[PDB]
Amino acid sequence: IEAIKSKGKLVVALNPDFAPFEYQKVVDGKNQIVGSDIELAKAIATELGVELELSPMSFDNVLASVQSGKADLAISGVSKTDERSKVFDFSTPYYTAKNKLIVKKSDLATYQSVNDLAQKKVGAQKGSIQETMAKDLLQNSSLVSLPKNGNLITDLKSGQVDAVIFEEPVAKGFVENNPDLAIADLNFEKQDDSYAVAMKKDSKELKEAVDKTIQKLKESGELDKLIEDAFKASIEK
Ligand SMILES: NC(=[NH2+])NCCC[C@H](N)C(=O)O
Ligand SMILES: [Cl-]
Ligand SMILES: [Cl-]
């Protein structure tokens with residue numbers, strides 16, 4: 001936190017292809033990075049009395065950038081995991097999600113359970129816990145792991161993959177803008193998937209500032225409003 005205050009800016013790593021949390025929106029003819037995680041980042045920077053600097057990158061590189069010191073925080077829809085918790089400090093959680101499949105709409109009732117994915121092609125984002133889930137459970141499937149979420153959506157449209165695994169709000173956001181797609185019936189037989197801010201190990205005072213901010217936004221209902229606003233603003237008109 002002292003290094004951050006002294007340098008006058010907070011550098012946040014994120015991958016802006018993940019509405020409602022972070023995404024690109026055309027504003028006045030130019031793409032701008034927006035979303036509920038950007039509003040969370042702004043609140044943290046305000047708490048610390050510093051400027052906010054975004055560092056957009058592929059999701060696969062977000063955590064590594066925090067680990068090496070190239071960014072101060074990852075605020076990028078990052079799930080806590082035991083493996084990650086060994087290497088990173090995490091904030092208190094700020095969102096909890098279920099995993100879903102997005103499919104072509106004619107396939108929404110084909111996929112009920114994981115067994116229905118046998119002999120099918122399933123995509124997930126490279127570096128995500130969804131990619132890990134697919135690798136660990138779907139031995140009878142062909143797995144595609146792509147750096148960019150938009151490219152997973154393109155592959156699902158071209159019928160190059162049969163399904164893509166995404167957390168529910170993100171899946172819903174893509175369906176809003178793609179009426180050729182739908183959320184499948186499938187559920188996974190559920191540990192917690194909770195989003196948190198990642199930071200370097202042993203950053204106690206930075207964690208305090210982040211957690212004070214999350215606590216405030218939760219108790220006021222503001223965080224809920226931010227996610228809803230961002231979801232609405234991600235729908236293309
Ligand atoms: N901005 C993004 N692309 N976020 C992807 C997050 C996926 C998942 N919650 C994870 O932490 O692995
Ligand atoms: Cl890609
Ligand atoms: Cl610290």
# chains A, B, ... in the order shown; residues from 1 in each chain; ligands from 1

call {"tool": "residues_near_ligand", "arguments": {"ligand": "ligand 1", "cutoff": "6 Å", "atoms": "only C-alpha atoms and all ligand atoms", "output": "JSON, numbers by chain"}}
result
{"A": [14, 15, 16, 17, 18, 59, 76, 77, 78, 79, 128, 129]}

call {"tool": "write_last_selection", "arguments": {"atoms": "N, CA and C atoms", "output": "PDB file, in the first residue's frame"}}
result
ATOM      1  N   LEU A  14      -6.701  -6.780 -15.927  1.00  0.00           N
ATOM      2  CA  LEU A  14      -8.000  -7.359 -16.221  1.00  0.00           C
ATOM      3  C   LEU A  14      -8.089  -7.732 -17.708  1.00  0.00           C
ATOM      4  N   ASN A  15      -9.044  -8.596 -18.032  1.00  0.00           N
ATOM      5  CA  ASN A  15      -9.315  -8.986 -19.413  1.00  0.00           C
ATOM      6  C   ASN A  15     -10.730  -8.539 -19.779  1.00  0.00           C
ATOM      7  N   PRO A  16     -10.862  -7.454 -20.574  1.00  0.00           N
ATOM      8  CA  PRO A  16     -12.181  -6.822 -20.769  1.00  0.00           C
ATOM      9  C   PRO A  16     -13.068  -7.472 -21.868  1.00  0.00           C
ATOM     10  N   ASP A  17     -13.410  -8.739 -21.677  1.00  0.00           N
ATOM     11  CA  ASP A  17     -14.264  -9.504 -22.555  1.00  0.00           C
ATOM     12  C   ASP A  17     -15.147 -10.393 -21.656  1.00  0.00           C
ATOM     13  N   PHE A  18     -15.841  -9.802 -20.681  1.00  0.00           N
ATOM     14  CA  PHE A  18     -16.419 -10.547 -19.569  1.00  0.00           C
ATOM     15  C   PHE A  18     -17.549  -9.723 -18.932  1.00  0.00           C
ATOM     16  N   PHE A  59      -6.709 -12.948 -20.431  1.00  0.00           N
ATOM     17  CA  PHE A  59      -6.987 -13.438 -19.085  1.00  0.00           C
ATOM     18  C   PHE A  59      -5.874 -14.331 -18.550  1.00  0.00           C
ATOM     19  N   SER A  76     -10.928  -8.917 -12.117  1.00  0.00           N
ATOM     20  CA  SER A  76     -11.180  -9.424 -13.452  1.00  0.00           C
ATOM     21  C   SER A  76     -12.081 -10.654 -13.392  1.00  0.00           C
ATOM     22  N   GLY A  77     -13.060 -10.634 -12.491  1.00  0.00           N
ATOM     23  CA  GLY A  77     -13.920 -11.796 -12.316  1.00  0.00           C
ATOM     24  C   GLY A  77     -13.135 -13.027 -11.882  1.00  0.00           C
ATOM     25  N   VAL A  78     -12.145 -12.831 -11.018  1.00  0.00           N
ATOM     26  CA  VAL A  78     -11.222 -13.902 -10.628  1.00  0.00           C
ATOM     27  C   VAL A  78     -11.792 -14.780  -9.515  1.00  0.00           C
ATOM     28  N   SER A  79     -11.960 -16.067  -9.780  1.00  0.00           N
ATOM     29  CA  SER A  79     -12.401 -16.995  -8.778  1.00  0.00           C
ATOM     30  C   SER A  79     -11.290 -17.353  -7.807  1.00  0.00           C
ATOM     31  N   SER A 128      -8.691 -20.238 -17.266  1.00  0.00           N
ATOM     32  CA  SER A 128      -9.845 -20.120 -16.364  1.00  0.00           C
ATOM     33  C   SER A 128     -10.079 -21.397 -15.560  1.00  0.00           C
ATOM     34  N   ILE A 129     -10.843 -21.265 -14.469  1.00  0.00           N
ATOM     35  CA  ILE A 129     -11.235 -22.451 -13.735  1.00  0.00           C
ATOM     36  C   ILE A 129     -12.215 -23.311 -14.532  1.00  0.00           C
TER      37      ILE A 129
END

call {"tool": "closest_atom_pairs", "arguments": {"of": "segment 63-161 of chain A", "to": "segment 168-188 of chain A", "cutoff": "7 Å", "atoms": "only C-alpha atoms", "output": "JSON lines"}}
result
{"residue": "A:97", "atom": "CA", "partner": "A:168", "partner_atom": "CA", "distance": 6.4}
{"residue": "A:98", "atom": "CA", "partner": "A:168", "partner_atom": "CA", "distance": 5.7}
{"residue": "A:99", "atom": "CA", "partner": "A:168", "partner_atom": "CA", "distance": 5.7}
{"residue": "A:100", "atom": "CA", "partner": "A:168", "partner_atom": "CA", "distance": 5.5}
{"residue": "A:101", "atom": "CA", "partner": "A:184", "partner_atom": "CA", "distance": 5.5}
{"residue": "A:102", "atom": "CA", "partner": "A:183", "partner_atom": "CA", "distance": 4.8}
{"residue": "A:103", "atom": "CA", "partner": "A:181", "partner_atom": "CA", "distance": 5.6}
{"residue": "A:104", "atom": "CA", "partner": "A:181", "partner_atom": "CA", "distance": 4.3}
{"residue": "A:105", "atom": "CA", "partner": "A:181", "partner_atom": "CA", "distance": 4.5}
{"residue": "A:108", "atom": "CA", "partner": "A:184", "partner_atom": "CA", "distance": 4.0}
{"residue": "A:109", "atom": "CA", "partner": "A:185", "partner_atom": "CA", "distance": 5.8}
{"residue": "A:111", "atom": "CA", "partner": "A:186", "partner_atom": "CA", "distance": 5.4}
{"residue": "A:112", "atom": "CA", "partner": "A:186", "partner_atom": "CA", "distance": 4.1}
{"residue": "A:113", "atom": "CA", "partner": "A:186", "partner_atom": "CA", "distance": 5.1}

call {"tool": "closest_atom_pairs", "arguments": {"of": "segment 62-155 of chain A", "to": "segment 26-47 of chain A", "cutoff": "12 Å", "atoms": "only C-alpha atoms", "output": "CSV"}}
result
residue,atom,partner,partner_atom,distance
A:72,CA,A:45,CA,11.1
A:73,CA,A:41,CA,9.0
A:74,CA,A:41,CA,9.5
A:75,CA,A:37,CA,6.1
A:76,CA,A:37,CA,6.6
A:77,CA,A:37,CA,7.5
A:78,CA,A:37,CA,10.3
A:91,CA,A:44,CA,11.8
A:94,CA,A:40,CA,9.8
A:95,CA,A:37,CA,10.7

call {"tool": "residues_near_ligand", "arguments": {"ligand": "ligand 3", "cutoff": "6 Å", "atoms": "only C-alpha atoms and all ligand atoms", "output": "compact mmCIF listing (two decimals) with N, CA and C atoms, in the first residue's frame"}}
result
# COMPACT_ATOMS: atom_id res chain seq x y z
N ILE A 1 0.82 -1.21 0.00
CA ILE A 1 0.00 0.00 0.00
C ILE A 1 0.86 1.27 0.00
N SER A 203 0.18 -8.78 1.58
CA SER A 203 -0.10 -7.36 1.35
C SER A 203 -1.23 -6.96 2.28
N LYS A 204 -0.98 -7.05 3.58
CA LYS A 204 -2.07 -6.92 4.54
C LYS A 204 -2.79 -5.59 4.47
N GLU A 205 -2.03 -4.49 4.40
CA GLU A 205 -2.70 -3.20 4.39
C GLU A 205 -3.45 -2.92 3.09
N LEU A 206 -2.92 -3.41 1.98
CA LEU A 206 -3.64 -3.32 0.72
C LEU A 206 -4.94 -4.13 0.79

call {"tool": "residues_near_ligand", "arguments": {"ligand": "ligand 2", "cutoff": "9 Å", "atoms": "only C-alpha atoms and all ligand atoms", "output": "list in words"}}
result
residues 125, 126, 145, 146, 147, 148, 149, 150, 151 and 152 of chain A

call {"tool": "write_last_selection", "arguments": {"atoms": "N, CA and C atoms", "output": "compact mmCIF listing (two decimals), in the first residue's frame"}}
result
# COMPACT_ATOMS: atom_id res chain seq x y z
N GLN A 125 -12.32 -20.74 -21.62
CA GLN A 125 -11.26 -19.74 -21.75
C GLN A 125 -9.95 -20.25 -21.16
N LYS A 126 -8.87 -20.06 -21.92
CA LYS A 126 -7.56 -20.45 -21.44
C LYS A 126 -7.20 -19.73 -20.15
N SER A 145 -9.52 -24.77 -25.78
CA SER A 145 -9.19 -23.74 -24.80
C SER A 145 -8.62 -22.53 -25.55
N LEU A 146 -9.34 -21.42 -25.56
CA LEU A 146 -8.99 -20.25 -26.35
C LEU A 146 -8.71 -19.08 -25.46
N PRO A 147 -7.74 -18.25 -25.84
CA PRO A 147 -7.46 -17.07 -25.03
C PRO A 147 -8.63 -16.12 -24.92
N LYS A 148 -9.39 -15.90 -26.00
CA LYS A 148 -10.40 -14.85 -26.02
C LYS A 148 -11.82 -15.38 -25.93
N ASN A 149 -12.64 -14.81 -25.04
CA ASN A 149 -14.04 -15.24 -24.94
C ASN A 149 -14.81 -15.00 -26.23
N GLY A 150 -14.54 -13.90 -26.91
CA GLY A 150 -15.22 -13.65 -28.17
C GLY A 150 -14.95 -14.73 -29.21
N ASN A 151 -13.76 -15.31 -29.18
CA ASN A 151 -13.45 -16.37 -30.11
C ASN A 151 -14.16 -17.67 -29.76
N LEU A 152 -14.41 -17.91 -28.48
CA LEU A 152 -15.25 -19.05 -28.07
C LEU A 152 -16.65 -18.87 -28.61

call {"tool": "closest_residue", "arguments": {"among": "A:133, A:50, A:217, A:4", "to": "residue 193 of chain A", "atoms": "only C-alpha atoms"}}
result
A:133

call {"tool": "atom_distance", "arguments": {"atom1": "atom CA of residue 87 of chain A", "atom2": "atom CA of residue 226 of chain A"}}
result
29.1 Å

call {"tool": "select_by_dssp", "arguments": {"residues": "segment 35-227 of chain A", "states": "alpha helix (DSSP H)", "output": "ChimeraX atom specification"}}
result
/A:36-48,59-67,82-85,129-137,149-157,168-176,204-219,222-227

call {"tool": "write_last_selection", "arguments": {"atoms": "C-alpha atoms", "output": "short mmCIF file (atom, residue, chain, number, x, y, z; two decimals), in the first residue's frame"}}
result
data_model
loop_
_atom_site.label_atom_id
_atom_site.label_comp_id
_atom_site.auth_asym_id
_atom_site.auth_seq_id
_atom_site.Cartn_x
_atom_site.Cartn_y
_atom_site.Cartn_z
CA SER A 36 -18.82 -3.43 -12.43
CA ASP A 37 -15.20 -4.44 -11.74
CA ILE A 38 -14.07 -1.09 -13.20
CA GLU A 39 -16.42 0.68 -10.74
CA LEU A 40 -15.01 -1.46 -7.91
CA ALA A 41 -11.48 -0.53 -9.04
CA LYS A 42 -12.40 3.18 -9.05
CA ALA A 43 -13.77 2.89 -5.52
CA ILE A 44 -10.58 1.21 -4.29
CA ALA A 45 -8.38 3.83 -5.96
CA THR A 46 -10.50 6.62 -4.36
CA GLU A 47 -10.11 4.90 -0.94
CA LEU A 48 -6.33 4.85 -1.42
CA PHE A 59 -6.99 -13.44 -19.08
CA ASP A 60 -4.24 -16.11 -19.15
CA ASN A 61 -1.74 -13.36 -18.22
CA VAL A 62 -3.71 -11.48 -15.52
CA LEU A 63 -2.59 -13.37 -12.43
CA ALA A 64 1.00 -13.70 -13.64
CA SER A 65 1.16 -9.92 -13.95
CA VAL A 66 0.23 -9.49 -10.31
CA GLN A 67 2.70 -12.16 -9.23
CA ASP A 82 -6.84 -23.37 -3.30
CA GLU A 83 -4.06 -23.39 -5.84
CA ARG A 84 -4.39 -19.66 -6.38
CA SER A 85 -4.63 -18.94 -2.61
CA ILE A 129 -11.23 -22.45 -13.74
CA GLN A 130 -13.75 -23.50 -16.39
CA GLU A 131 -10.88 -24.89 -18.47
CA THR A 132 -9.75 -26.83 -15.38
CA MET A 133 -13.24 -28.20 -14.79
CA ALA A 134 -13.46 -29.37 -18.38
CA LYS A 135 -10.06 -31.07 -18.22
CA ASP A 136 -10.90 -32.76 -14.93
CA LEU A 137 -14.41 -34.04 -15.77
CA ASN A 149 -14.04 -15.24 -24.94
CA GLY A 150 -15.22 -13.65 -28.17
CA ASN A 151 -13.45 -16.37 -30.11
CA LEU A 152 -15.25 -19.05 -28.07
CA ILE A 153 -18.54 -17.40 -29.03
CA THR A 154 -17.50 -17.35 -32.70
CA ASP A 155 -16.55 -21.05 -32.55
CA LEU A 156 -19.90 -21.90 -30.92
CA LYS A 157 -21.71 -20.02 -33.69
CA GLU A 168 -24.02 -17.69 -15.25
CA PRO A 169 -24.02 -13.85 -15.49
CA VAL A 170 -21.43 -13.93 -18.27
CA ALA A 171 -23.34 -16.62 -20.16
CA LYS A 172 -26.51 -14.56 -19.84
CA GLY A 173 -24.73 -11.46 -21.12
CA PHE A 174 -23.66 -13.27 -24.27
CA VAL A 175 -27.18 -14.65 -24.85
CA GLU A 176 -28.59 -11.09 -24.59
CA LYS A 204 -2.07 -6.92 4.54
CA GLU A 205 -2.70 -3.20 4.39
CA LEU A 206 -3.64 -3.32 0.72
CA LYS A 207 -6.05 -6.17 1.54
CA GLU A 208 -7.55 -3.97 4.30
CA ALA A 209 -8.23 -1.14 1.90
CA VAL A 210 -9.78 -3.46 -0.64
CA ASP A 211 -11.91 -5.23 1.98
CA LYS A 212 -13.09 -1.94 3.53
CA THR A 213 -14.27 -0.95 0.05
CA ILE A 214 -16.00 -4.25 -0.68
CA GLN A 215 -17.68 -4.18 2.76
CA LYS A 216 -19.03 -0.69 2.12
CA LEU A 217 -20.34 -1.52 -1.35
CA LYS A 218 -21.97 -4.74 -0.13
CA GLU A 219 -23.71 -3.31 2.91
CA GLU A 222 -24.23 -0.51 -4.16
CA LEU A 223 -22.31 -3.51 -5.49
CA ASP A 224 -25.62 -5.13 -6.56
CA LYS A 225 -26.61 -1.93 -8.35
CA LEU A 226 -23.21 -1.75 -10.12
CA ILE A 227 -23.55 -5.25 -11.51
#

call {"tool": "atom_distance", "arguments": {"atom1": "atom CA of residue 57 of chain A", "atom2": "atom CA of residue 86 of chain A"}}
result
23.0 Å

call {"tool": "closest_residue", "arguments": {"among": "A:230, A:163, A:3, A:124", "to": "residue 19 of chain A", "atoms": "only C-alpha atoms"}}
result
A:230

call {"tool": "closest_residue", "arguments": {"among": "A:58, A:220, A:68, A:115", "to": "residue 201 of chain A", "atoms": "only C-alpha atoms"}}
result
A:68

call {"tool": "atom_distance", "arguments": {"atom1": "atom CA of residue 20 of chain A", "atom2": "atom CA of residue 235 of chain A"}}
result
9.6 Å

call {"tool": "closest_residue", "arguments": {"among": "A:237, A:92, A:106, A:160", "to": "residue 121 of chain A", "atoms": "only C-alpha atoms"}}
result
A:160

call {"tool": "closest_atom_pairs", "arguments": {"of": "segment 132-229 of chain A", "to": "segment 7-12 of chain A", "cutoff": "10 Å", "atoms": "only C-alpha atoms", "output": "JSON lines"}}
result
{"residue": "A:197", "atom": "CA", "partner": "A:12", "partner_atom": "CA", "distance": 9.8}
{"residue": "A:198", "atom": "CA", "partner": "A:12", "partner_atom": "CA", "distance": 9.9}
{"residue": "A:199", "atom": "CA", "partner": "A:12", "partner_atom": "CA", "distance": 9.8}

call {"tool": "decode", "arguments": {"residues": "segment 165-191 of chain A", "atoms": "C-alpha atoms", "output": "mmCIF file, in the first residue's frame"}}
result
data_model
loop_
_atom_site.group_PDB
_atom_site.id
_atom_site.type_symbol
_atom_site.label_atom_id
_atom_site.label_comp_id
_atom_site.auth_asym_id
_atom_site.auth_seq_id
_atom_site.Cartn_x
_atom_site.Cartn_y
_atom_site.Cartn_z
ATOM 1 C CA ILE A 165 -18.679 -23.257 -20.171
ATOM 2 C CA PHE A 166 -19.219 -19.825 -18.593
ATOM 3 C CA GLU A 167 -20.320 -18.526 -15.211
ATOM 4 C CA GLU A 168 -24.025 -17.688 -15.254
ATOM 5 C CA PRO A 169 -24.019 -13.847 -15.490
ATOM 6 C CA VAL A 170 -21.430 -13.934 -18.274
ATOM 7 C CA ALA A 171 -23.343 -16.624 -20.165
ATOM 8 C CA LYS A 172 -26.513 -14.557 -19.837
ATOM 9 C CA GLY A 173 -24.733 -11.460 -21.119
ATOM 10 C CA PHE A 174 -23.657 -13.272 -24.269
ATOM 11 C CA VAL A 175 -27.180 -14.655 -24.850
ATOM 12 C CA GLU A 176 -28.585 -11.087 -24.593
ATOM 13 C CA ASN A 177 -26.548 -10.071 -27.619
ATOM 14 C CA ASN A 178 -26.821 -13.347 -29.517
ATOM 15 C CA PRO A 179 -30.392 -14.586 -29.943
ATOM 16 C CA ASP A 180 -29.033 -17.585 -31.887
ATOM 17 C CA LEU A 181 -27.643 -18.863 -28.552
ATOM 18 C CA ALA A 182 -29.221 -19.940 -25.251
ATOM 19 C CA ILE A 183 -28.397 -21.153 -21.752
ATOM 20 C CA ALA A 184 -28.577 -24.976 -21.740
ATOM 21 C CA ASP A 185 -30.532 -26.975 -19.185
ATOM 22 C CA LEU A 186 -27.282 -28.463 -17.819
ATOM 23 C CA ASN A 187 -26.258 -27.992 -14.215
ATOM 24 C CA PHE A 188 -22.978 -29.099 -12.703
ATOM 25 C CA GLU A 189 -23.213 -31.128 -9.509
ATOM 26 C CA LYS A 190 -21.681 -28.350 -7.356
ATOM 27 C CA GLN A 191 -17.428 -26.008 -3.830
#
